[PDB]
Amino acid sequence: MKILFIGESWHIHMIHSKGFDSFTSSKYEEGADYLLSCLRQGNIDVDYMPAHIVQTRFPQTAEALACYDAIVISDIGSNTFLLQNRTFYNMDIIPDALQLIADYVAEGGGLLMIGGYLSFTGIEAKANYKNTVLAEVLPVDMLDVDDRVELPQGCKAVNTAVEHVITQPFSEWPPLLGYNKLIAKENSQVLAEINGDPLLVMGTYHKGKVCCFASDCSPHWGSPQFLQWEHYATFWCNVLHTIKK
């Protein structure tokens, strides 16, 4: 399978102040190289699209997205898709990128949204997906408020009574350090739950298959133990295959 994987490294800008004075330091954080590694190890052929490309070169055509068996959006807020540089800084007229994605799913394409601070509703409600059009595509309902459920203690998920390829191979989950609180839509399937809330949900949107994972595939919610985990590489591949065109 061929997938489009949309994600990015956090940029970090650090102001250091003492008394009157300040200096800065800056750096980056590294996204999901590990998850991308795992996906290349499994069958999967991946096109990584960083947030920068999305902002500057996002495809303007359904056909441009047709060769992908599935799309993944990992911890990028909607603003990034809706306020591309040409829209925000030039006032060119540009296709709704999110509508393209939703159109692409309706024709059989698969979609996976992976949680984090910039997923679903997100920290300070900045991911803001509920107000988008994708809302209608996801097998979940989102909150109005900041989404995060922070779990410094850690908390481990339990699989669901539902039996599924993704979830068959294992039973004990590794600790996760948080997730986006979601509500499952009526006719969707919850495969695991965390702190009583849903963790993995599947639904369809017309012809296409949709999946939400409510925690992050990486730090800090995706704990060292979760990245470690014997089942991590295959879990992710199964999910991808479960939504294949």
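One-based numbering along the sequence shown.
Participant: Out of 6-14 and 219-227, which one has CA B-factors that are higher on average in the deposited record?
Facilitator: Higher of the two, by average CA B-factor, is 219-227.
Participant: Can you let me know which of the two, 172-180 or 36-44, has the higher average C-alpha B-factor in the entry?
Facilitator: The recorded data point to 36-44.
Participant: Please work out which residue in 98, 155, 118, 114 has the highest C-alpha B-factor recorded for this crystal structure.
Facilitator: Top of the list by C-alpha B-factor: 155.
Participant: Looking at 125, 83, 76, 165, which has the biggest Cα B factor in the entry?
Facilitator: The listed residue with the largest C-alpha B-factor is 165.
Participant: Against its chain's modelled residues, does residue 31's Cα B factor rank lowest, middle or highest third?
Facilitator: Highest third.
Participant: In terms of the CA temperature factor given in the entry, to which third of its chain does residue 208 belong: lowest, middle or highest?
Facilitator: Highest third - that is where residue 208 ends up once the chain's C-alpha B-factors are sorted.
Participant: By the record's CA B-factor, is residue 90 among the lowest, middle or highest third of residues in the chain?
Facilitator: CA B-factor rank for residue 90: middle third.
Participant: Ordered by C-alpha B-factor within the chain, which third holds residue 53? Give me lowest, middle or highest, please.
Facilitator: Ranked within chain, residue 53 CA B lands in the lowest tercile.
Participant: Which third, lowest, middle or highest, does the CA B-factor of residue 232 fall in along this chain?
Facilitator: Ranked within chain, residue 232 CA B lands in the highest tercile.
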